[PDB]
2 protein chains.
Amino acid sequence: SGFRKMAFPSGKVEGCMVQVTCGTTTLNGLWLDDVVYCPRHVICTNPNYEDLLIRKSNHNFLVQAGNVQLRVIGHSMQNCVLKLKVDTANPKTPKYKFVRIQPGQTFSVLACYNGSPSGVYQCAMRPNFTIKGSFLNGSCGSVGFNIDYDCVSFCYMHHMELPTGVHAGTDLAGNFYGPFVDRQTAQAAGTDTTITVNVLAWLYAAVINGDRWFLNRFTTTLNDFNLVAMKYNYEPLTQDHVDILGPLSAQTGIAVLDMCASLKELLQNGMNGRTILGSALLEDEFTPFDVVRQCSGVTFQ
Amino acid sequence: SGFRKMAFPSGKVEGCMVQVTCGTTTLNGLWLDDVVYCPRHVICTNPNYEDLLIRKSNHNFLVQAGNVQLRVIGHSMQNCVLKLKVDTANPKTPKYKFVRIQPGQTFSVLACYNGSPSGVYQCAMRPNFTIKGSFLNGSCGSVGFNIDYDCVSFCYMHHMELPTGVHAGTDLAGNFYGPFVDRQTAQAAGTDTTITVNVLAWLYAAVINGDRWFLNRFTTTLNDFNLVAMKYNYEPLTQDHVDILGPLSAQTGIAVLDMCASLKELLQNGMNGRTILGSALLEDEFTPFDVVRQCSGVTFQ
Ligand SMILES: *[C@H](O)[C@H](C[C@@H]1CCNC1=O)NC(=O)[C@H](CC(C)C)NC(=O)[C@@H](NC(=O)c1cc2ccccc2[nH]1)C(C)C
Ligand SMILES: *[C@H](O)[C@H](C[C@@H]1CCNC1=O)NC(=O)[C@H](CC(C)C)NC(=O)[C@@H](NC(=O)c1cc2ccccc2[nH]1)C(C)C
């Protein structure tokens, strides 16, 4: 019992982090087989990255694998990430893949500086394609990831902080999530909605653990609920989301539309000095798979 | 910028998790050097552990480390912790200590099932010596820990769950935090109070990240603050604590008794639909060390 914000174990990723130095810039790299991945703006000092990358030589890239300096023997750019081929393959390379996640999904973040892990925490890909992270100067190149039995599905690499304090980044194939670019120019994050299907996973998790004050005996239709979601800046609820909330419904015996009626009252009336799972706000960075993982103890060998 | 409930890298601790089976109990063990630490109620089926234990043989203790079956060559009991001596030293053993934490201190918990890391999160030793975890059946043996440069400071092992859904356990020398015992009797947690110095630290961390709606130009005396603390179920504040919150005060240029006055008026008036650091509650699970280290980017080799 209990419900915490849980991060994946970070050991499989720690073994990959290295330090990338080029000029005045030191950031974090990700070393998988013989390739080291980093943010391309490590080669900056509104740039011209292509221009900037042909002026570099292999010997300008200093790669620390801890107490071991790595030798670069090639480079190339793939969108906003720098692929640095080095003469050694990482003995700690896990089974991995590169996936690009959808907004509303979550992932874990190993924050790194100078190549050494600082901490790990759990994030969601907001609907405005930002993430609310903890990143300081030097964290760039840190990555986000999920674990699938033995497989690290890397889904984020870190690049920048926006003026509101939220963060922006790219998949491991270099493509930014959302309309963000790797430049100190100004850009707005965009209006963040609330991930409705996740709030509803989180309530199912509350029922599973014995917070039940918010439940009622009213029911609603998807249309009459979604009417209310778009007044509170919640995200529209689809039948596909209703199908995903299935097993959670079946476990608790609370129909999805029934739980939708509880989110309506909570939305219109507030919470009234009570808490759900320790929070006094509706939590939306728990997908339905996250709730089931945690509320059933799925592990990752 | 940003502030998250951050956990320590759990890599050095994952290499230490193992299954420990005995009868039809299965739980996790911590394997440092050639001793495997686990909870003594693995030998359970109000017991007399003396009698239960004098009464197993080494071959009762199934100790699995992945696809490797460690032979137990001896055993012994230190309070509520079983020490399973085995023939193989763990090549992945890091520098470690066993330390006992004080109420208010924080740590990371690598939840585990069948010796397999499931996920990692951060916690506090409540002032009633409970913790608020996410533990399912089979999680016992999971450990709480801190990191200190390169050294793992194990401080907690899980044993049980109290009826209100909170968790209890021991240091690694076997001794329970708080007045709990490893029996299926009834114990109530006892009145929990809010870790005041931590709330103040969380407030500093809010200032350091720009959340500014709750501060004022009032001050108070450590006495008249603690007077109001006693009324809101808040731990008293010491000069020791004031000394401790110094560097945060020095960084923000807000005297500690000034932040006490801000807390005082958050407590008597509440937050009024506003949020601090994405929460509608005064969060008390960050130490001054937690805040400093995250708002500074301390890493770990
Ligand atoms: C790399 O480690 C670092 C990570 C930043 C630094 C501190 N916290 C972080 O998240 N990356 C950078 O410093 C970015 C540089 C690349 C070339 C983008 N920039 C930043 O994060 C800085 N701000 C911006 O660049 C910035 C301003 C702005 C306005 C509109 C839209 C986007 C946008 N980005 C921070 C440090 C101010
Ligand atoms: C070990 O994996 C397991 C972990 C529990 C199971 C569910 N959540 C957990 O953290 N430990 C146990 O099952 C404990 C057995 C030892 C011998 C204590 N017991 C429990 O945590 C159970 N609760 C109690 O038995 C219980 C309630 C209570 C109240 C007052 C005093 C003592 C006391 N024990 C769980 C299954 C409810």
Side-chain angles (χ1 to χ4, degrees), chain A residues 273 275 278-280, chain B residues 3 5 99-109 122-133 144 146 155-156 162 164-169 171 176-180 187-207 214-216 218-249 252 254-271 276-277 279-294:
Chain A
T275 52
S279 170
Chain B
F3 198 83
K5 191 67 69 68
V99 305
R100 200 175 164 91
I101 56 170
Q102 274 70 241
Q105 186 50 248
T106 49
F107 53 106
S108 297
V109 176
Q122 189 59 234
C123 293
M125 189 54 74
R126 306 309 310 162
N128 57 2
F129 296 88
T130 48
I131 65 156
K132 300 189 184 255
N146 276 271
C155 60
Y156 179 75
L162 309 190
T164 65
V166 299
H167 306 90
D171 58 49
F176 264 97
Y177 295 100
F180 316 115
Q187 307 104 26
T191 276
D192 204 14
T193 56
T194 305
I195 313 161
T196 307
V197 59
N198 279 359
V199 176
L200 297 163
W202 180 73
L203 284 169
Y204 281 105
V207 167
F214 60 80
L215 288 168
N216 62 29
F218 300 108
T219 194
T220 174
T221 181
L222 188 47
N223 266 3
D224 265 329
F225 169 78
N226 280 330
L227 188 47
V228 175
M230 296 199 104
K231 182 177 182 294
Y232 283 83
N233 212 10
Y234 270 60
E235 286 302 281
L237 209 64
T238 66
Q239 183 57 55
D240 306 305
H241 291 144
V242 160
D243 307 348
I244 280 158
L245 293 148
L248 288 184
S249 161
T252 62
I254 290 149
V256 174
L257 283 302
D258 294 336
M259 196 67 83
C260 297
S262 290
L263 182 42
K264 188 186 296 199
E265 315 303 347
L266 281 175
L267 279 179
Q268 307 192 160
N269 311 311
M271 278 182 182
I276 303 175
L277 280 178
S279 166
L281 292 189
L282 304 163
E283 290 281 328
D284 78 329
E285 300 218 352
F286 300 107
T287 51
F289 206 95
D290 289 336
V291 169
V292 167
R293 165 257 168 284
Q294 178 175 175

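To find a chain, count down the sequence lines: A is the first, B the second, and so on, and within it residues start at 1.
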If only atom types and distance count, is the side chain of [X] paired as donor or acceptor with the main-chain N or O of [Y] below 3.5 Å?
| X | Y | value |
| --- | --- | --- |
| B/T252 | B/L248 | yes |
| B/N198 | B/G104 | yes |
| B/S249 | B/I254 | yes |

How long is the span from the [atom1] atom in [X] to the [atom2] atom in [Y], to the nearest 0.5 Å?
| X | Y | atom1 | atom2 | answer |
| --- | --- | --- | --- | --- |
| B/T219 | B/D224 | OG1 | CG | 11.0 Å |
| B/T191 | B/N233 | OG1 | CG | 6.5 Å |
| B/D171 | B/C155 | CG | SG | 9.0 Å |
| B/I195 | B/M125 | CD1 | CE | 9.5 Å |
| B/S279 | B/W202 | OG | CH2 | 5.0 Å |
| B/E285 | B/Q105 | CD | CD | 11.0 Å |

Identify the residue among B/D258, B/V228, B/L200, B/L237 that makes a side-chain contact (heavy atoms from CB on, under 4.5 Å) with B/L263. B/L200
Determine, stepwise, if the pair B/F286 / B/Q122 fulfils side-chain contact (heavy atoms from CB on, under 4.5 Å). CA-CA 9 Å; B/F286 300 107; B/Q122 189 59 234; 5.8 Å; no
B/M259 versus B/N216: any side-chain heavy-atom pair under 4.5 Å? no
Looking at side-chain heavy atoms only, is the closest gap between B/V199 and B/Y234 below 4.5 Å? yes
Shortest non-hydrogen contact between [X] and [Y], atoms and distance:
| X | Y | value |
| --- | --- | --- |
| B/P288 | B/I244 | CG-CG2, 3.5 Å |
| B/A229 | B/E235 | CB-O, 4.2 Å |
| B/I276 | B/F214 | CD1-CD2, 3.5 Å |
| B/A168 | B/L162 | CB-CD2, 4.3 Å |
| B/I101 | B/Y177 | N-OH, 3.4 Å |
| B/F107 | B/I131 | CZ-CG2, 3.7 Å |

Full working for side-chain contact (heavy atoms from CB on, under 4.5 Å) between B/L282 and B/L267: CA-CA 9 Å; B/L282 304 163; B/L267 279 179; 3.6 Å; yes
Before we go on, tell me: are the rings of B/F129 and B/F180 under 6.0 Å apart, centre to centre? no
When you check the side-chain N and O atoms of [X] and [Y], is any donor under 3.5 Å from an acceptor?
| X | Y | value |
| --- | --- | --- |
| B/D290 | B/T106 | yes |
| B/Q239 | B/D243 | yes |
| B/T221 | B/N223 | no |

Tell me whether the guanidinium CZ or amine NZ of B/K264 lies under 6.0 angstrom from the six-membered ring centre of B/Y232 and within 45° of its axis. no
If the threshold is 4.0 Å, N to carboxylate O, is there a salt bridge linking B/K132 and B/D192? no
Take B/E283 and B/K5 through the test side-chain contact (heavy atoms from CB on, under 4.5 Å) and record every step on the way to the result. CA-CA 10 Å; B/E283 290 281 328; B/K5 191 67 69 68; 3.8 Å; yes
Under the criterion side-chain contact (heavy atoms from CB on, under 4.5 Å), I'd like the reasoning laid out for B/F225 against B/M230: C-alpha separation, chi angles, the key distance, then a yes or no. CA-CA 9 Å; B/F225 169 78; B/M230 296 199 104; over 6 Å; no
